[PDB]
RNA sequence: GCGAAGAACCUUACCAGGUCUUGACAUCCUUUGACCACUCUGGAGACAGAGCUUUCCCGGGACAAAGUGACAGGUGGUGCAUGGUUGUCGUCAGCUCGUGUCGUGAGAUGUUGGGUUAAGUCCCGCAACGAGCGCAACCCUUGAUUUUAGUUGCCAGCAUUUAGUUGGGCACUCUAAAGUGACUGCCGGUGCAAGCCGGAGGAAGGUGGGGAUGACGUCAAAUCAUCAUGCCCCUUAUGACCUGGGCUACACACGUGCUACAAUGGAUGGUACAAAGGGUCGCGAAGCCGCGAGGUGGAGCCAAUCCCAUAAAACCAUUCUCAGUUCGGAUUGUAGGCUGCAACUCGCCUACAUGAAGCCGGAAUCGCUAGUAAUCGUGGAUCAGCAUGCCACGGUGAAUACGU
Ligand SMILES: [Mg+2]
Ligand SMILES: [Mg+2]
Ligand SMILES: [Mg+2]
Ligand SMILES: [Mg+2]
Ligand SMILES: [Mg+2]
Ligand SMILES: [Mg+2]
Ligand SMILES: [Mg+2]
Ligand SMILES: [Mg+2]
Ligand SMILES: [Mg+2]
Ligand SMILES: [Mg+2]
Ligand SMILES: [Mg+2]
Ligand SMILES: [Mg+2]
Ligand SMILES: [Mg+2]
Ligand SMILES: [Mg+2]
Ligand SMILES: [Mg+2]
Ligand SMILES: [Mg+2]
Ligand SMILES: [Mg+2]
Ligand SMILES: [Mg+2]
Ligand SMILES: [Mg+2]
Ligand SMILES: [Mg+2]
Ligand SMILES: [Mg+2]
Ligand SMILES: [Mg+2]
Ligand SMILES: [Mg+2]
Ligand SMILES: [Mg+2]
Ligand SMILES: [Mg+2]
Ligand SMILES: [Mg+2]
Ligand SMILES: [Mg+2]
Ligand SMILES: [Mg+2]
Ligand SMILES: [Mg+2]
Ligand SMILES: [Mg+2]
Ligand SMILES: [Mg+2]
Ligand SMILES: [Mg+2]
Ligand SMILES: [Mg+2]
Ligand SMILES: [Mg+2]
Ligand SMILES: [Mg+2]
Ligand SMILES: [Mg+2]
Ligand SMILES: [Mg+2]
Ligand SMILES: [Mg+2]
Ligand SMILES: [Mg+2]
Ligand SMILES: [Mg+2]
Ligand SMILES: [Mg+2]
Ligand SMILES: [Mg+2]
Ligand SMILES: [Mg+2]
Ligand SMILES: [Zn+2]
């Protein structure tokens, strides 16, 4: 009955914890739906390159955010406290329902 | 032409950025207090030869890892200086702080340390022609794959500014499987300002 | 009742072939209404024209993306692929006519300092 | 305020003009509030308005009401090329 | 350009009339990528041509085109003189290019009403060696034959 | 007049419409992004050193 | 007719300087039957050691005249810049006439 | 259409008037220790005069004041004294070194000669043998496909609803992680090799398309005004505060753009198809009101859920009849709307009226090789409000390249 949203700046770091959640959930007997990759959100920042002049020369940076989604439909309290007391590496954002 | 910063190109491919936290709606506050912490740490441990600092945020807490080549002079007599830093940072940041030290082996494979050593040497009225190659010799006998240094400015006290560079080994700057470390430092002399730029190509 | 998927530009069409008369339906609408103009209709029929199979199948399609021309090409590719799906024998005729290749032509990125994708600002020498 | 909320006049000028309601009328009102609109209460009075470097005098006549004071105190000096 | 000859782009034959030159004509009356306007103003022309004349529209189009395509054409270049207008034989492909270019550059200027007509009575005029485009071809042929020595 | 300008900018103005923004490292008033509260120079030089999380050079 | 845009860096443009530049550059009209309408552009700089530099650009119909010269005096630089410009004029005229 | 990714006040650095002096900003000594706030009167405001407190917090700290001093403070000068950053030649293919050898010497070879290519790319030859920085490859994106994953995404096969709505399913698109895939690999000819031409299979064939990437160095190129710094200069002012103006002037000249000069059109009514983005001091729907810009209202939303946001060209009907007009919209008079303490100099928009130049533009000159040029819209940064500018996204979508 719980929905978990995981979002981070790097997919490699993200997916390790994303899976760690699903194993730590289903090991204690939980019916869980696998991660669903939601669309990433990328934003662009264009800044002039020079200090004074030269508008014709620029440089563009980007920041892209990745997202996941986990569902559990028939939890048990053991799954609840296992997920809650489990700690993820800093760099991800977890929003437990 | 103009070369792109050799760390800017390799962030997100093979290198990694320092500040490792995700945040929104309060991004600016975290970023600016991180810059404040960085400056506060940098201007105090000048003699301690600090290379890299990492800030790791987690739920109203800060976890800072400091990399040094002389860890003993960073830790206090039993951890007194570390405790003083922790309490001062607690006062400044207004949230729980925690600090860790990671020692560095082969302090000749960190471009920042070599740059700042050459900077102090040039401040001590030493000939750049000797300091550059001295640093090159230490770094290559350390086991490095390539090294290149340059020094620019009012060279040797002259009236006209110029630049001089020495390189040896191999430094492929257009390869993205590089693992190249870059650093730039300022030597403030009685004749003005000089800039030292050192960058190193490591193995594997 | 055999599937097929066609893409062109920024348009995707899901086509499916049923044996039958040949009535053409697009997105719960009739082929004469959804694409009204007469000459934008022979594009879909070409896969059914390069082989004499004009009235041997009814098409059911679901399309989205792009303008009226682009989804015509998408649905053309889709019906051709579906035709190969029904019968694994029609490949030489269509591959010979170049009716299987997906169009790799896409709208091109803009570029900073340029007024378009390749247009440059005016300059003077007098 | 160019809406129907109401006109606009700075209180430090409205106070002066309505306190100059006496028959004496010999108090030329000096002001910097160029942006204040002209009320019918201004009729008769004489107002020096700052135009950047000096207070120029304006005599509030009947048909001048409704406008803004800064209109009658030009701020550029043009004579010809 | 500088490296070598470059392949052309084949023109897919039009529907309805099922020809090649008709599509290349539609592509020439196009302005700003408006395919529909040109298509309509050409199909209206080839319908009113049958309404007025009584013949197959494509026959009138072909027997009017055969009179416009030039053969010789003057090129200013070296060989035989430094830009002395040497007359040369236009290639097989260049014919229809010039024919359609002249057919449309003059159908824009006839000037009675909507161009949906201006193109039709120019094909009729070209069907019997009269008008302006045919005059252009005749003038070009005269100028080419003038320099019968520089070849 | 530079160091007084930062002090004025951090003060509270007479009315809201007089507030504005400057870069935080340097005191530059023009072309400052409100996402980072940095100008276009303290952003370029400091994103190279990998001190802004998430932000990297874009090549698409 | 010639239109002059005169810029002076680290110096103030004074009327006799303008008149001298005008007449010296106007002496360039004698090389054409028809006087052009191009925009002459002049830049004047003075260093700290009393050395003066003058740069001149003229976009003719089918010709571009560029000439920069540095010397101990501004007026001498102007005279030498005029000599350079007429040199380019003669070069271009001879080349185009030879390619008749 | 350059710093300026946005000048009504602020920004603002310029001018006029009114003001201050260890000061608007920091370390630092004495003591009171919370000063601070807030209310009223006077002034354009800075600021003065009163009243209320001061519970500082826990000898230490945060801040303040009072005089107090060493001191600050400069968007003042020189980018020819500098560090950092950037343009350009030019993503052109070059620039050098160690050992060796030739020359009295500066110098020379390697880097020249033959084919070959986008390329000192590759091989052959050789008094040279190797190496380094560049070229190429490693990186991102688009085009095909396999596995796991099915929610807020999709709806073939199942019944219902205002309709993918509701129960139901992840079959197909779709999102995104890991792989496959293109490597002259194979075949035919040529050459002796590098390689060249042709063909096959394939979604894609010869670095597939596009980005990022910018060697030694040239222009004493640009920035002391983003930042930092040497030397000089002002220090009751060249430092600091407040109100009003100015950067928006106007006989003219030059550069970059937008809109037109109409019938491939103007005007009226009907109606269909997108990609990429932004949103909690925020986006803001239905409903009602108003001809209109907009007002009232409050649904949903920390978002594949809700909103901005039923895209415009296009298509189908009607009308106009080649006119300076039912083209064009400038300019101006009146009445309103929104933001903001404030819209006169100096904002954007709306309604009625007015109705200008202009009928394809001399000499000359610019851009573009395919989803390009052309054309039509859409989003974002700066931002209370203000873009015909800048950066991105798609819809329709050509002509020509014989040749140097
Ligand atoms: Mg520009
Ligand atoms: Mg850029
Ligand atoms: Mg460059
Ligand atoms: Mg570009
Ligand atoms: Mg270009
Ligand atoms: Mg400063
Ligand atoms: Mg203020
Ligand atoms: Mg503002
Ligand atoms: Mg600003
Ligand atoms: Mg200068
Ligand atoms: Mg002379
Ligand atoms: Mg002011
Ligand atoms: Mg008081
Ligand atoms: Mg008091
Ligand atoms: Mg000082
Ligand atoms: Mg310079
Ligand atoms: Mg040589
Ligand atoms: Mg190349
Ligand atoms: Mg060679
Ligand atoms: Mg090489
Ligand atoms: Mg749905
Ligand atoms: Mg072979
Ligand atoms: Mg082939
Ligand atoms: Mg490529
Ligand atoms: Mg490369
Ligand atoms: Mg110059
Ligand atoms: Mg200074
Ligand atoms: Mg005084
Ligand atoms: Mg201006
Ligand atoms: Mg009209
Ligand atoms: Mg309509
Ligand atoms: Mg979308
Ligand atoms: Mg919005
Ligand atoms: Mg916005
Ligand atoms: Mg609500
Ligand atoms: Mg919008
Ligand atoms: Mg008519
Ligand atoms: Mg107004
Ligand atoms: Mg006229
Ligand atoms: Mg007319
Ligand atoms: Mg090209
Ligand atoms: Mg090609
Ligand atoms: Mg805005
Ligand atoms: Zn800054």
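Protein chains in written order, with the deposited numbering: chain j, 5 to 101; chain c, 2 to 205; chain i, 5 to 130; chain s, 3 to 83; chain g, 2 to 152; chain n, 2 to 61; chain w, 1 to 100. Even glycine gets a Cβ: it sits at the ideal position worked out from N, Cα and C.
- In this model, residue 202 of chain c and residue 11 of chain g are separated by some 54 Å (Cα to Cα).
- Along the segment 58-86 of chain w, going in chain order, the ones with a CB nearer than 8 Å to a CB of chain i are 59, 61 and 64.
- Here residue 69 of chain c is not near residue 85 of chain c, since their CB atoms are 8 Å or more apart.
- Counting only runs that start and end inside the segment 80-116 of chain c, the alpha helix (DSSP H) elements of at least 4 residues fall at 81-94.
- Not flagged as an interface residue toward chain j: residue 183 of chain c, since no C-beta distance is shorter than 8 Å.
- Distance from the CA atom of residue 53 of chain s to the CA atom of residue 47 of chain w, rounded to whole angstroms, is 43 Å.
- Contact note: residue 13 of chain j reaches chain n through 54 and 55, using a C-beta cutoff of 7 Å and chain order.
- Contact annotation, residue 84 of chain i with residue 103 of chain i: C-beta distance approximately 5 Å; criterion of less than 8 Å satisfied.
- DSSP places residue 125 of chain i outside any beta strand (DSSP E), giving it a letter other than H or E.
- Taking 8 Å as the CB threshold, residue 75 of chain j stays off the interface with chain i.
- Listed in chain order, the positions of the segment 5-35 of chain c with a beta carbon within less than 7 Å of a beta carbon of chain j are 21, 22 and 23.
- Distance from the Cα of residue 78 of chain w is smallest, within the candidate group w/51, w/20, w/88 and w/7, for w/20.
- A contact is defined here as three or more CB-CB pairs under 8 Å, and the segment 2-22 of chain w meets this definition with respect to the segment 64-81 of chain w.
- For residue 55 of chain j, the neighbours in chain n by C-beta distance under 8 Å run, in chain order, 42.
- Rounded to the nearest angstrom, the Cβ distance from residue 8 of chain i to residue 19 of chain i is 4 Å, consistent with a contact under 8 Å.
- Under the three-state reduction of DSSP, residue 59 of chain s is assigned to strand.
- A contact between stretches requires three or more CB pairs, one per stretch, nearer than 8 Å, and the segment 8-17 of chain n fails this requirement with the segment 90-109 of chain g.
- No heavy atom of ligand 7 is found nearer than 7 Å to the CB of residue 88 of chain w.
- Proximity of the beta carbon of residue 38 of chain g to ligand 37 is not indicated: no heavy atom of the ligand is located closer than 7 Å.
- Among the CB atoms of chain j, one or more fall inside 8 Å of the CB of residue 117 of chain i.
- Collapsing the DSSP output to three states places residue 63 of chain j in a strand.
- Interface with chain w (8 Å Cβ-Cβ cutoff): residue 99 of chain i is excluded.
- When secondary structure is reduced to three states using DSSP, residue 170 of chain c falls in the strand class.
- By the beta-carbon neighbour count (other beta carbons within 10 angstroms, threshold 16), residue 57 of chain n is buried.
- When beta bridges are read from the DSSP output, residue 70 of chain w appears opposite w/53.
- The beta carbon of residue 130 of chain g lies closer than 7 Å to those of 68 in the same chain, with the five residues before and after it left out.
- Its chain contains 123, 132, 133, 134 and 137 as the residues whose beta carbon lies nearer than 8 Å to that of residue 107 of chain g, once the 5 sequence neighbours on both sides are disregarded; these appear in chain order.
- Going by beta carbons, residue 111 of chain c and residue 182 of chain c fall inside the 8 Å limit.
- Taking CB atoms only, residue 97 of chain j has a neighbour in chain c less than 8 Å away.
- By the beta-carbon neighbour count (other beta carbons within 10 angstroms, threshold 16), residue 61 of chain n is exposed.
- Per the coordinates, the alpha-carbon of residue 69 of chain w lies some 11 Å from the alpha-carbon of residue 43 of chain w.
- With contacts defined by Cβ atoms closer than 8 Å, residue 166 of chain c and residue 150 of chain c form a contacting pair.
- At a cut-off of 8 Å, the C-beta of residue 57 of chain c has a neighbouring C-beta in chain j.
- For residue 21 of chain c, the closest C-alpha among the options c/169, c/193 and c/58 is that of c/58.
- Around the beta carbon of residue 136 of chain c, 16 or more other beta carbons lie within 10 angstroms, which makes this residue buried.
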